[PDB]
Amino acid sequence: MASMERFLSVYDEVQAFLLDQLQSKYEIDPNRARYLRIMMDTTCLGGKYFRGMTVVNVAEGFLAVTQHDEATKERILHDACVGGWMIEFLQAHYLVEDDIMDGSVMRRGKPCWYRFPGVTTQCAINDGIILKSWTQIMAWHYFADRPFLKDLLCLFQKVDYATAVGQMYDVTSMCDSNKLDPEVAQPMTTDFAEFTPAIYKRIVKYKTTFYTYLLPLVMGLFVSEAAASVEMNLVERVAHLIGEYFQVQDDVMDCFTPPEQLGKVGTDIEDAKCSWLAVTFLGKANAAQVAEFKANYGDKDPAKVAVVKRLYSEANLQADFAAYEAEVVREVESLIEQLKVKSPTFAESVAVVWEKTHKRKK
């Protein structure tokens, strides 16, 4: 695709600036510099680019309906692409750490960064932190001058914090709230009482909807100076909605999509994750299905995992997903309809994002 290449060319610009700066203000030798180019390529590239592309889409949207000089068109698109990369670098950061926290094996068809032979956990934690700093380095370099800079950075760190908070929700989801205590070794739940639709939704709201949807949509508005031309409550509500759906597909895919298509290998069952499959399962299963699940869930044993998979198939959980999906389509089309009142171009952007998300295979 010819817009993908234009986005990626801005990466090459950004990568060059970052690496030049390291050699020239941070006294880095070429081998460490090389290491960081590979760390940036490995953790920032080979994804769908839908977070960053989303910023560009929103910006091109306002550009088609507004008068601008050719140079402003250019600047604005360039700003959109750098903004896009901030979010991709923000994601890279989170995935590096997440793969560590989750015990993952592959991502984008390659081993997870920390599993690289010359990397390891000790380095990966810090590479992760580098990824996050890079995002602030870009912002300050490319946007120091822009009227949207405070707003952009205030949003970004609010989104970053929601995500970290959401991450803490996810990684403690298999613990009984009342037993959770830094002094005491955390035992897994036996009741699964907190695998509810409400709690599931809280987890996913924070760990994924802010950075996956809210941030790119609102950033696209910021770099367009168009935030006053939209109902912000509608934007928040639609980003939460689509973002929840996006995480539901992620959960479904963890268990049911073969790793070669997915580019990563599922770990939710092993990890005892409060995943959409698990919550939906516990919502429809009988007494004997529940008990069989309690005795097999949250263990690396390939045979116990096989059982949970067989339980999930038995429970016919694809019916539940069709119902789920049908309701989300209702509400998304609704919210897009509402967005049309003050901003038809933006609601068209939302519709493209939704379309891409709905039709996803990996």
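Numbering starts at 1 and runs along the sequence shown.
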Practice item. Would you determine, from the values in the PDB entry, which of 255 to 263 and 196 to 204 has the greater average C-alpha temperature factor? Key: 255 to 263
Check your understanding: Which wins on mean Cα temperature factor, 68 to 76 or 118 to 126?
Key -> 68 to 76
Point to revise | Maximum C-alpha temperature factor, selected from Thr135, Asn178, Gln247, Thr172 | key: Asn178
**Study point:** Per the PDB entry, maximal CA B factor within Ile336, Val305, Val55, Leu36
**Key:** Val305
Revision key, fill the gap. Quick tally, chain-level thirds of C-alpha B-factors: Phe17 sits in the lowest
Check your understanding: Based on the entry's values, in what third of the chain does the Cα temperature factor of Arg146 lie: lowest, middle or highest?
Key -> highest
Practice item. Could you look up the Cα B-factor of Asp191 in the entry and say which third of the chain it sits in: lowest, middle or highest? Key: middle
Review point. Should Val105 be placed in the lowest, middle or highest third of its chain by the C-alpha B factor in the entry?
Key: middle
Review point. By the record's CA B-factor, is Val328 among the lowest, middle or highest third of residues in the chain?
Key: middle
